[PDB]
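Next up: a single chain in structure tokens, the form deposited in one PDB entry.
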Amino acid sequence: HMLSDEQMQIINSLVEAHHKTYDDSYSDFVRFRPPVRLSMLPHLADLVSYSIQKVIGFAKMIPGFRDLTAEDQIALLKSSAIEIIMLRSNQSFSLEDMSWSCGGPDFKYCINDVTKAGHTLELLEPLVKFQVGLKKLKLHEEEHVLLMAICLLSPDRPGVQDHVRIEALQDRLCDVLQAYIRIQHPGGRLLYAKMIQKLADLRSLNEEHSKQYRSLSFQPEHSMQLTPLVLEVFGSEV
């Protein structure tokens, strides 16, 4: 019926962490290789690279992530990177346009623009469908941030070693979320469940992304357009 002092300080450091790693003006977007309408690939690879940096910045501020071994910090960031990106992107996604609108007509990413980056419209439909659903949940900033931290700390991942310590951290976070909705969110009686279902949805979006990325990464003429960080984070190296 009331969130504890420690559940509150977890919400605090997490929203502050998101505030320091997410710019609603999208100012830095001008430093990327320009969008061209695979003409969109250099801009979108620059965008994904910049976002991996922010996901890293955010992750480092999740209570307990820092305590983990360098190895587990990497295993989790590698596997969840694309999922955190897709979640955080919702903050820019509009239902009125069915696009990710980032402060400008040049940083407005519609389905057709993502197609000119190697990808197939058939594999783009589950992403926009996932983005419509997420937006329809009309999440509070605390819930959104909590969903990214729970997603990042997921145990079911290739390379993770301390599957007991991160399951512990994810549960302490799931606990903060479940209590937050009940206390602070009216009409949210079935929200916790609706959100956990989005984590599973993301796992499927992740597979489909990994397959599409594999296609690009093997063609050196496309791989060369990527950044060292994207190559490293999405690469198979152990």
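We call the rigid core whatever largest set of C-alpha positions still superposes within 1.5 Å between the two forms. Residues that one form lacks are left out of the comparison. We number the residues from 1 along the sequence you see.
Going from residue 37 to residue 38, you skip over 10 or more residues of the deposited sequence that the entry leaves unmodelled. Mean C-alpha B-factor is higher over 65-73 than over the other stretch, the pair under comparison being 42-50 and 65-73. Here 88-96 and 118-126 are compared by their mean Cα B-factor, and 118-126 comes out higher. In this structure the maximum Cα B-factor among 60, 31, 182, 209 is found at 182.
As recorded in the entry, 168 carries the highest CA temperature factor of 152, 82, 145, 168. When the modelled residues of the chain are ordered by their C-alpha B factor, residue 55 lands in the lowest third.
Below, we turn to the form deposited in another entry, even though it does not appear here.
Once the two forms are fitted on their rigid core, between this form and the one not shown the CA displacement reaches 2 Å or more only for 123 among 137, 98, 123, 168.
The two forms, fitted on the rigid core, differ between this form and the one not shown by 2 Å or more at the CA of residue 185. In the other form, the Cα-Cα separation between residue 101 and residue 188 grows by 3 Å or more relative to the displayed conformation.
Relative to what is shown, residue 171 and residue 189 are closer in the other form; their C-alpha atoms differ in spacing by at least 3 Å. Taking the core as reference, several blocks of three or more adjacent residues between this form and the one not shown have all their Cα positions offset by 2 Å or more: 121-123, 185-189.
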